[PDB]
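What follows is the residue order along each chain.
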Amino acid sequence: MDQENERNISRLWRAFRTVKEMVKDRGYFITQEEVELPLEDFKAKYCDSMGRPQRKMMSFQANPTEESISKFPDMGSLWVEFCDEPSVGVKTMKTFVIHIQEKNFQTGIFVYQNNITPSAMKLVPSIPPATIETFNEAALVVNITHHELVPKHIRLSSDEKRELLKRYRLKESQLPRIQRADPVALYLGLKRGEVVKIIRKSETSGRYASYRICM
Amino acid sequence: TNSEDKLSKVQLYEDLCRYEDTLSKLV
Amino acid sequence: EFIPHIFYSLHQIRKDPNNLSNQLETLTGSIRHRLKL
Amino acid sequence: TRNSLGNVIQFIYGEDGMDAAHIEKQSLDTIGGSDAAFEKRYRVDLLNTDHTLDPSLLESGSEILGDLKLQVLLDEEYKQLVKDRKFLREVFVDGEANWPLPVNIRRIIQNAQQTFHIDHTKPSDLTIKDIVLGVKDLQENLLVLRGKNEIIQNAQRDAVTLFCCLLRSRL
Amino acid sequence: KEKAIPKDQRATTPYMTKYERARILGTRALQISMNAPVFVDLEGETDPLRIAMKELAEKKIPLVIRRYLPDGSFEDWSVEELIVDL
Amino acid sequence: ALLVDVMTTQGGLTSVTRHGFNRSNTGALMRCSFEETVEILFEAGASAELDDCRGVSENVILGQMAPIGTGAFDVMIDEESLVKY
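Looking at the entry header, you'll see cryo-EM listed as the method and 3.3 Å as the resolution.

In the nomenclature of the PDB entry, chain F corresponds to DNA-directed RNA polymerase II subunit RPB1 from the organism Saccharomyces cerevisiae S288C. This deposition appears in the PDB under the title "Core Mediator-PICearly (Copy A)".

For chain E, the PDB entry supplies the name DNA-directed RNA polymerases I, II, and III subunit RPABC2 and the organism Saccharomyces cerevisiae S288C. Of chain E, the UniProt comment under Sequence similarities reads exactly: "Belongs to the archaeal Rpo6/eukaryotic RPB6 RNA polymerase subunit family."

Pasting the structure below:
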């Protein structure tokens, strides 16, 4: 039992928990017990006799809650799948794309270990209206949203956006803006033209609410 | 306006009045 | 009801003036409260 | 707060909409102190001998004791104070109490004591109902934003939160 | 005339700022100094600014302030109905 | 708080220099007011840029009354009260 084995196992377990937290934060249905799964059960289930982490059995499908469907009628099921290869080949990406398309899933999460070939990512935007998003493994070990300096963000519906825009009597190009590559935007999976509300603490009033638009 | 005039006409109004006055003197 | 309370407070005034000034002041305040209401 | 093009820089100036010259340093008394001091200072109980009001303070102190509605009101007030302590400790994790805020309540109270020649050696003619309802109504009559939809209501409560906390602390 | 807000839906402060006060006093002082009629009982004063203050005290200045919202709409408030602190 | 909100309102860190503010979307005369006058004028001419004359600098160049404090509103005559007297 070389130390690198359990080091990699622990980091992979951390990434799995972080991905579960992200999927829960996107409005889906995930139990609290499943989030707090101890590493012993993780080793018992997702490791072979030799201790090799069997990533391929971790792929799972998630469905939205009642509240998320009520707020977002267009929201649909999501699929997440891990890749065992150190580098993702073109054939593997094509197989994943075909699997997502035949499952008729609106969005999917593809977590890769080290690198992806350019021809593989050539196929990312080729399946409308489905959306394919990639997350490097080394960047999901620690949950960003749990920091002290990151306030709490919320997503707004079309009706809420229209009501705010009317009440403040504004055109969408005058609100403050947030980029796409912004880490919290990737976490929440915001597309172009969506408004995110921010709740923050303040020395002068206690609580304060700001708004931003994804450009 | 005539209401208060009618109220002042009945004796027990004066009774409560000087009762209040007597307690004012006592205090 | 203020009538029986006025009666009773009146009687412990007239029974025990030897109470310290604190009780006398408090009880007179109580009667002033009852007649105010 | 906007600019020449119309872009919003702040949705409210200063997050509370106050002038910079109407603000003085005041201390929030709920944050600091041990739980025993807090309980002794702010808790009043009409059924337990430990935390009753001395009847020499209130003019109607004799009759109020043992009532039911009054203790319900006092319980609501104490729950509000507890929630305020939790929130204020959430905001200022350092535990500091002195912050700048509008209106010097201490000087207003001192002026009320000096002008009316209040003598502390006599019972007062106040009523618990009157005190609680008056404080709540005064909170109801503090306005910075005068919209009518729910958004402006939420913005205005968010603006006046901390001042309402201090006001509850002092009165 | 679409910009004008109905009187019931007025959502601006009912107090008058220091800038509005200074503008109103200046306009009234200029008009008085250009021989305009005076609406109050002048008593031994010969300064247009002081007569402007006097007219403001009894709330007799016949002027209206138009307040511009950022979009372009406006809100009309008479000088009589504006609360002035003292 | 205001300075910090201005510096980080465009979704990224905008420095207080010509590269951050003089490359913004504001008016041409406003931007040419300091440190890159002639080049900004050339670029505005070549791109056919439209200025709106609402900032302070544009109303200072043209000798007019900027909407600044006392200039934020209009004074108008009420006929009803005047007739009532």
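And the narrative resumes.
(A) Layout of the overall build of chain F. Looking only at helices and strands, chain F has six helices and one strand in total. Listed by position from the N terminus, the elements making up chain F come as α-α-α-α-α-β-α. The C-alpha radius of gyration of chain F comes to 19 Å, more than 25% above the 12 Å expected for a compact globule of 85 residues. In chain F, once contacts between residues fewer than 6 apart in sequence are set aside, the share between residues at least 24 apart is 24%. About 6,000 Å² of surface is accessible on chain F, with carbon and sulfur atoms providing 60% of the total. Counting 5 positive and 13 negative side-chain charges, chain F places the averaged centre of each group 5 Å from the other.

(B) Quick peek at the interface of chain C and chain D. The interface of chain C with chain D comprises eight residues on the first partner and seven residues on the second. Summing both sides of the interface, chain C and chain D together bury roughly 690 Å²; the carbon and sulfur share of this comes to 47%. Between the two partners, chain C and chain D, sit one salt bridge. Across the salt bridge formed by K36 of chain C and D125 of chain D, the nearest N and O atoms sit 3.9 Å from each other. Between chain C and chain D we count zero residue pairs in polar contact in total. It is helix 2 (residues 21-36) of chain C that contributes the most residues to the side of chain C that touches chain D, seven residues altogether. Residue composition of the side of chain C that touches chain D, grouped by class: no nonpolar, five polar and three charged.

(C) Main features of the interface of chain D and chain A. If you look at the interface, chain D gives 20 residues, while chain A gives 20 residues. Here chain D packs against chain A, burying approximately 2,000 Å² in sum over the two surfaces, 58% of which is carbon and sulfur. The shortest N-O distance in the salt bridge between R207 of chain A and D158 of chain D comes to 2.6 Å. On inspection of chain D and its partner chain A, the count reaches seven residue pairs in polar contact.

(D) Representation of the packing of helix 1 (residues 3-15) of chain C against helix 2 of chain C within the structure. All names here are of chain C. Put simply, helix 1 and helix 2 touch, their axes get as near as 10 Å, and they point 160° apart. As far as their axial angle goes, helix 2 and helix 1 are roughly antiparallel. Crossing angle aside, the handedness with which helix 1 passes helix 2 is left-handed. For the pair helix 1 and helix 2, contact is made by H5, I6, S9, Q12 and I13 and by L27, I31, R34 and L35, respectively. Taken together, the residues of the contact of helix 1 with helix 2 sort by class into five nonpolar, three polar and one charged.

(E) Molecular detail of the pattern of salt bridges. This structure, assessed with the given rule, holds 28 salt bridges over all chains. Between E20 of chain E and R67 of chain E there is a salt bridge; the shortest N-O distance is 3.2 Å. On the criterion of sequence distance, the pair formed by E20 of chain E in helix 1 (residues 18-33) and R67 of chain E in strand 1 (residues 63-68) is long-range, its members being 47 residues apart. Taken together, the shared-partner salt bridges connect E39, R43, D45 and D75 of chain D into one network.

(F) Examining the sheet that holds strand 6 (residues 131-136) of chain A more closely. Residues and elements named next belong to chain A. The four strands are arranged 1-2-4-6 in an open sheet whose pairing can be described as mixed. Since the sheet does not close on itself, it has two edges, and those belong to strand 1 (60-62) and strand 6, each with one partner. The average undirected angle you get between the axes of adjacent strands in this sheet is 20°. Across three bridges, strand 1 lies against strand 2 (residues 78-82) in antiparallel orientation. Each bridged residue has a counterpart across the sheet, and for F60 the counterpart in strand 2 is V80. The strands that helix 5 (residues 90-103) touches are strand 2, strand 4 (107-112) and strand 6; relative to strand 2, the one it contacts most, it runs at about 155°.

(G) Spatial organisation of the environment of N3 of chain D. All names here are of chain D. Here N3 lies in the segment before strand 1 (23-27). Considering only alpha carbons, one finds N3 and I64, 61 residues apart in sequence, at a separation of 59 Å. Engagement of the side chain of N3 in a polar contact is seen with the backbone nitrogen of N7, the distance being 2.8 Å.

(H) Representation of unusual backbone geometry. In this chain, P128 of chain A is followed by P129 of chain A through a cis amide linkage whose omega measures 0°. Within the secondary structure layout, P129 of chain A lies in the loop between helix 6 (118-121) and strand 6. We note that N35 of chain E has phi near 65°; this positive angle belongs to a residue other than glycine.

(I) How the structure looks around the nonpolar core. Residue and element names in this part refer to chain A. Core analysis: the largest hydrophobic core is formed by 33 residues, its most contacted members being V23, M58 and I109. Mapped by element, the contributors of at least two residues to this core are helix 1 (3-25), strand 1, strand 2, strand 4 and helix 8 (183-188). The element best represented in this core is helix 1, accounting for seven residues. Residues within four places of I109 in sequence aside, it is in contact with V23, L78, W79, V80, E81, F96, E133 and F135.

(J) Representation of helix 5 of chain A. All names here are of chain A. In a regular helix each residue adds 1.5 Å, so 14 residues correspond to 20 Å; helix 5 covers 20 Å between its end C-alpha atoms and thus fits that length. Restricting attention to buried positions, one finds in helix 5 the residues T92, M93, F96, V97 and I100. Down the axis of helix 5, the buried side of the element spans an arc of 135°, and every buried residue falls inside it. Set apart from the buried face of helix 5 by more than 90 degrees, the exposed residues are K91, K94 and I98. Where helix 5 is buried, its residues touch strand 2, strand 3 (87-88), strand 4, strand 5 (115-116), helix 6 and strand 6. Following helix 5 by one or two positions, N104 has its phi on the positive side, about 60°.

Definitions and limits used
Residues numbered from 1 in each chain as written, not as in the entry; some residues may be left out. Chains lettered and ligands numbered in written order. Part of a larger assembly, values for the part shown. Heavy atoms only, no water. UniProt positions renumbered as here; feature names shortened; annotations may be inferred. Helix = DSSP H or I, 4+ residues; strand = E, 2+ residues; numbered from the N terminus. Rg over C-alpha atoms; globule rule 2.2 N^0.38 Å. Contact = heavy atoms within 4.5 Å. Areas by Shrake-Rupley, 256 points an atom, 1.4 Å probe, with all protein chains shown as cover. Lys, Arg positive; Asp, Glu negative; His and termini not counted. Charge placed at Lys NZ, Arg CZ, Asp CG, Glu CD. Buried area = accessible area lost by both parts, 1.4 Å probe. Salt bridge = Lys/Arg side-chain N within 4 Å of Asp/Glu carboxyl O. Polar contact = N/O pair within 3.5 Å; in protein donor to acceptor, adjacent residues only side chain to side chain. Nonpolar A, V, L, I, M, F, W, Y, C, P; charged D, E, K, R; others polar. Axes fitted to C-alpha atoms, helices over the stretch in contact; angles between N-to-C directions. Parallel < 35°, antiparallel > 145°, perpendicular 65-115°, else oblique. Left-handed = near helix turned anticlockwise from the far one by under 90°. Pairing = 2+ DSSP bridges. Core = buried A, V, L, I, M, F, W, Y, C linked by side-chain atoms within 4.5 Å. Buried < 20%, exposed > 50% of the residue type's maximum accessible area, 1.4 Å probe, protein only. Expected span 1.5 Å × (residues − 1). Arc of directions from axis to C-beta.

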